[PDB]
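[1] My sequence and its experimental structure, below.
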Amino acid sequence: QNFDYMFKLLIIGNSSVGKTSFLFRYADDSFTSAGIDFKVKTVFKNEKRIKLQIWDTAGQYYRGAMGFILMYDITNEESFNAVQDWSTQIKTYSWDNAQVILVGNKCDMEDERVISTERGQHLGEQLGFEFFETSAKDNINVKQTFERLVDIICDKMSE
Ligand SMILES: Nc1nc2c(ncn2[C@@H]2O[C@H](COP(=O)(O)OP(=O)(O)O)[C@@H](O)[C@H]2O)c(=O)[nH]1
Ligand SMILES: [Mg+2]
């Protein structure tokens, strides 16, 4: 209730890549196969209490963002080819303090994977964004994405 810091976080990427599910898995530790612009979660980093305002309005503005989660779907090449456009919109129309994690979502759908782990890692290195493969569905690397984002926002905040 009594936080030291508040970070504005945006989830961006093409529609159907799992932006909304990623948010719902992190904030309500839920996912379902079956109105909300943002959700709030408070996290503990070192002794600090950090309020996260996590926005999910990409599929419907950037200047204030501490942090971006740039999502593509590993089962959809179009979502991954689009990452460059998304990255361009970030580095242009954002606070030059903003951190970014590249996220290949739905790593649970191994049979329909069209994007390799290493293509993802390689695009990460090209764009200068750390990278995680995730599943909102199986709860894989959702926690680690947000906490890594908080950590690097803190590092930059300290500089
Ligand atoms: N298999 C799998 N499906 C997912 C995952 N995340 C989301 N989905 C599904 O992919 C579709 C798009 O989800 P949604 O979160 O609405 O995508 P958004 O349009 O980017 O918000 C829905 O059918 C979800 O149930 C995941 O990690 N694994
Ligand atoms: Mg959505």
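    Done, it's in. Numbering: from 1, shown residues only. Ligands and ions are numbered 1, 2, ... in the order given.

[2] Tell me how far the most centrally placed residue in the chain lies from ligand 1.
    Residue closest to the average C-alpha location in the chain (Cα atoms, centre = their mean): residue 69, at 2.1 Å. For residue 69, the distance to ligand 1 equals 11 Å [Cβ to the nearest ligand atom, to the nearest Å]. Yep, even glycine has a C-beta here, placed from its N, CA and C like the rest.

[3] Kindly confirm my reading that residue 96 forms part of a helix.
    No. Residue 96: not assigned to a helix; according to DSSP: H, G, I helix; E, B strand; the rest coil it is coil.

[4] quick one: it and residue 156, what's the gap?
    Distance of residue 96 to residue 156, given as Cβ to Cβ, to the nearest Å: 10 Å.

[5] Name the helix or strand for residue 14, please.
    Using DSSP states H and E, residue 14 sits in no helix or strand.

[6] list the contacts for it?
    Contacts of residue 14 were listed using Cβ atoms under 8 Å, 6 or more residues apart in numbering, and they are 72-73, 76, 78-79, 82.

[7] In terms of neighbours, single out the busier of residue 96 and residue 156.
    With neighbours defined as other Cβ atoms under 10 Å, residue 96 and residue 156 compare such that residue 156 has more, 13 against 6.

[8] what's the helix or strand for that one?
    Here residue 156, judged by DSSP H and E, is contained in helix 142-158.

[9] Residue 125: neighbouring residues, count only.
    12.

[10] any bit of the helix holding residue 156 sitting next to ligand 1?
    No. Residues of helix 142-158 are not located near ligand 1 by Cβ under 6 Å from any ligand atom, the shortest gap being 8.5 Å.

[11] And for that helix, what's in contact with it?
    Taking Cβ under 8 Å, 6+ apart as the rule, helix 142-158 contacts 5, 7, 9, 22, 25-26, 41, 43, 45, 48, 50, 52, 54, 66-67, 69, 97, 99, 101, 103, 130, 132, 134-136.

[12] Please enumerate the helices of the protein.
    Per DSSP state H, the chain carries helices over the ranges 19-27, 77-81, 83-92, 117-127, 142-158.

[13] Any buried residues in stretch 120-140, and which?
    Buried residues in stretch 120-140, counting neighbours by 16 or more other Cβ atoms under 10 Å, are found at 120, 123-124, 127, 129-137, 140.
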